[PDB]
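Undergrad: Each residue of the sequence shown is one higher than the one before, counting from 2 in PDB author numbering.
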Amino acid sequence: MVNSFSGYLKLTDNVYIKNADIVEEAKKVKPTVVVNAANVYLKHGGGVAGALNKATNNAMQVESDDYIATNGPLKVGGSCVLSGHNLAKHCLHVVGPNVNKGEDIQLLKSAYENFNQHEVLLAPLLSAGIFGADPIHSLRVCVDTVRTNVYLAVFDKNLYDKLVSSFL
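1) Could you pull the DSSP bridge partners for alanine 124 from this structure?
2) Which residues in the same chain have their Cβ closer than 7 angstroms to the Cβ of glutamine 62, if we skip the five residues on either side of it in sequence?
3) Please specify which runs of the alpha helix (DSSP H), each continuous and at least 4 residues long, are wholly inside the segment 34-85, giving them in chain order.
4) Should the segment 60-80 be called in touch with the segment 22-31, which here means at least 3 C-beta pairs below 8 angstroms?
5) Taking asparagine 101 as the reference, give the member of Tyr113, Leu10, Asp135 and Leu122 with the closest Cα.
6) DSSP state of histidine 119, grouped into three classes?
7) On the three-state DSSP scale, how would you describe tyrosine 9?
8) Between which two residues does the alpha helix (DSSP H) harbouring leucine 140 extend?
9) Return the bridge partner residues of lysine 90 from the DSSP annotation.
10) Name the DSSP bridge partner or partners of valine 3?
11) With distances taken between CB atoms, is the gap from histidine 119 to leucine 93 smaller than 8 angstroms?
12) Buried or exposed, going by whether 16 or more other CB atoms sit within 10 Å of the CB of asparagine 37?
13) By the three-class DSSP mapping on this structure, what secondary structure does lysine 29 have?
14) Reducing DSSP to helix, strand and coil, say where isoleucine 18 ends up.
15) Determine whether the beta carbon atoms of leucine 83 and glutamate 114 lie at a separation below 8 angstroms.
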């Protein structure tokens with residue numbers, strides 16, 4: 002049984018990790034679900050969200066603005082399913098707490114629980130990067146929360162090496 006993903010290191014029964022640009026991984030694999038590191042307003046300005054949105058030629062932002070106009074903002078820890086555009090069938094926009102905004106780090110587990118609604122996902126580490134949480138802590142919450150198959154793309158090589166070498 003051939004896997005659509007390649008080059009991932011298995012961390013647990015269901016969690017895999019790779020030093021890769023999630024945009025490049027999405028273009029290569031076109032997964033059923035790509036996770037975006039969203040904010041409550043779905044304003045995809047920077048980090049993973051800015052990069053995914055730019056890869057969609059801003060179509061993700063246009064769709065997101067219509068979603069917000071209809072539904073209002075998401076909650077920190079919440080998510081919504083929108084189109085994956087050219088990158089995936091769906092994009093699961095998940096809001097991890099942003100430590101730089103003083104958001105509750107306990108909501109990181111709630112954010113990862115959204116992944117359990119999908120059999121397999123291509124995802125970044127929630128609340129990592131510009132969201133300010135410790136990525137080692139995010140990976141621990143991921144492995145202790147997500148039960149579905151998650152393929153984590155870590156953009157930074159030095160961080161990827163540190164995450165693998167410190168994994169328990």
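All C-beta atoms, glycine included, are put in the ideal place defined by N, C-alpha and C.
TA: With the structure as the only source:
1) Position 123 of the sequence shown, counted from the start, is the residue given in the question as residue 124. DSSP output for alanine 124 lists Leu153 as bridge partner(s).
2) As a working mapping, residue 62 is identified with position 61 in the sequence shown. Only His45 and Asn54 meet the Cβ criterion.
3) As far as the segment 34-85 is concerned, its whole alpha helix (DSSP H) runs of at least 4 residues are 48-56 and 60-72.
4) Because the criterion of three Cβ pairs below 8 angstroms is not met, the segment 60-80 and the segment 22-31 do not touch.
5) Numbered from its first residue, the sequence shown carries residue 101 at position 100. Distances from the alpha-carbon of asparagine 101 to those of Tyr113, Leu10, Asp135 and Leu122 put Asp135 closest.
6) For this step, residue 119 is matched to residue 118 along the sequence shown. Reduced to three states, the DSSP call for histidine 119 is coil.
7) Numbered from its first residue, the sequence shown carries residue 9 at position 8. Three-state DSSP puts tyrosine 9 in coil, outside helix and strand.
8) Within the sequence shown, the letter at position 139 stands for residue 140. That run of the alpha helix (DSSP H) goes 136-146.
9) The residue you call residue 90 lines up with position 89 of the sequence shown. For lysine 90, which the question treats as bridged, DSSP gives no partner whatsoever.
10) Along the sequence shown, one-based indexing puts residue 3 at 2. According to DSSP, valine 3 bridges with nothing at all.
11) For the purposes of this step, residue 119 is taken as residue 118 along the sequence shown, with counting starting at 1. For the purposes of this step, residue 93 is taken as residue 92 along the sequence shown, with counting starting at 1. A contact, by the Cβ cut-off of 8 angstroms.
12) In the sequence shown, the residue the question calls residue 37 occupies position 36. The residue in question, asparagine 37, is buried, as its Cβ has 16 or more Cβ neighbours within 10 Å.
13) Translated into positions along the sequence shown, residue 29 becomes position 28. In the structure shown, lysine 29 sits in a helix (DSSP, three-state: H, G or I).
14) Numbered from its first residue, the sequence shown carries residue 18 at position 17. Here DSSP, grouped into helix, strand and coil, assigns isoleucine 18 to strand.
15) Mapped onto the sequence shown, residue 83 falls at position 82. Mapped onto the sequence shown, residue 114 falls at position 113. No, the pair does not count as a contact, with Cβ atoms beyond the cut-off.
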